[PDB]
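Trainee: Dropping the structure in here first, questions after.
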Ligand SMILES: *C/C=C(C)/C=C/C=C(C)/C=C/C1=C(C)CCCC1(C)C
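Residue numbers (the entry's author numbering): 1 to 137.
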């Protein structure tokens with residue numbers, strides 16, 4: 001299917017609560033929520049190979065992976081991790097992550113393309129789920 005696109009955020013729920021679990025202190029959580037409104041995701045998908053570029057005003061990061069193949073990235077709060085993406089259905093994928101060093105909350109993310117043309121990202125840390133919704137630019 002067509003995950004490829006230039007996606008811009010329209011809605012972000014529970015992001016602050018996610019950062020709290022991750023041990024980010026309050027003033028930085030607030031500054032981060034503010035930065036999440038100027039926030040875009042660029043995806044290029046060919047088959048089950050994905051290129052994903054996440055950008056805010058002052059920072060940009062690139063993610064490259066093949067579904068079913070372990071790769072290295074970072075958790076939301078910046079800790080390196082080993083990741084593995086699998087399909088859950090036609091238009092939804094799930095990524096499980098394991099810390100490279102040390103211990104912390106169990107994190108993961110999902111991406112889904114809806115019937116109505118939205119991209120839904122969820123990010124989880126333990127019991128807390130952050131949901132973000134994007135539309136094409
Ligand atoms: C597949 C799409 C993914 C894995 C998106 C990941 C997005 C992030 C790790 C976003 C992180 C952000 C912060 C850590 C604070 C500044 C605002 C965000 C939302 C860009």
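Even for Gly, the Cβ is constructed at its ideal location relative to N, Cα and C.
#1: With the cut-off set at 7 angstroms, would you say residue 67 and residue 94 are in Cβ contact?
#2: Please state the DSSP three-state secondary structure of residue 119.
#3: Measuring straight from C-alpha to C-alpha, what distance separates residue 79 and residue 99?
#4: What three-state label does DSSP hand residue 11 in the structure shown?
#5: Which residue's Cα is closest to the Cα of residue 89: 125, 71, 123 and 48?
#6: So does residue 34 have its beta carbon nearer than 6 angstroms to some heavy atom of ligand 1?
#7: My output table needs one value for residue 29: the three-state DSSP class, helix, strand or coil.
#8: What is the residue span of the beta strand (DSSP E) that residue 40 lies within?
#9: With a threshold of 6 angstroms (Cβ to nearest heavy atom), would residue 54 be considered close to ligand 1?
#10: In terms of alpha-carbon separation, which member of 21, 13 and 41 lies closest to residue 119?
Mentor: By the coordinates alone:
#1: Start at 1 with the first residue of the chain shown, and residue 67 comes out as number 67. Start at 1 with the first residue of the chain shown, and residue 94 comes out as number 94. In this structure, residue 94 does not lie closer than 7 angstroms to residue 67 by Cβ.
#2: Looking up residue 119 in the chain shown gives position 119. Note: residue 119 maps to strand in three-state DSSP.
#3: Working through the chain shown from its first residue, we reach residue 79 at position 79. Working through the chain shown from its first residue, we reach residue 99 at position 99. The alpha-carbon atoms of residue 79 and residue 99 are separated by roughly 7 angstroms.
#4: One-based indexing of the chain shown puts residue 11 at position 11. It is a strand residue.
#5: Here the question's residue 89 lines up with position 89 in the chain shown. If we check each option's Cα against that of residue 89, 48 comes out closest.
#6: Working through the chain shown from its first residue, we reach residue 34 at position 34. For residue 34, the Cβ stays outside the 6 angstroms cut-off from all heavy atoms of ligand 1.
#7: Residue numbering aside, residue 29 sits at position 29 when the chain shown is read from its first letter. Residue 29 falls in the helix class under three-state DSSP.
#8: Along the chain shown, read from residue 1 onward, the residue named residue 40 stands at position 40. Bounds of the beta strand (DSSP E) holding residue 40 are 40-46.
#9: As a first step, residue 54 is located in the chain shown; it is residue number 54 there, counting from the start. Yes; taking the cut-off as 6 angstroms, the Cβ of residue 54 has a heavy atom of ligand 1 nearer than that.
#10: As a first step, residue 119 must be located in the chain shown, where it is residue number 119. Minimum Cα distance to residue 119 is reached at 41.
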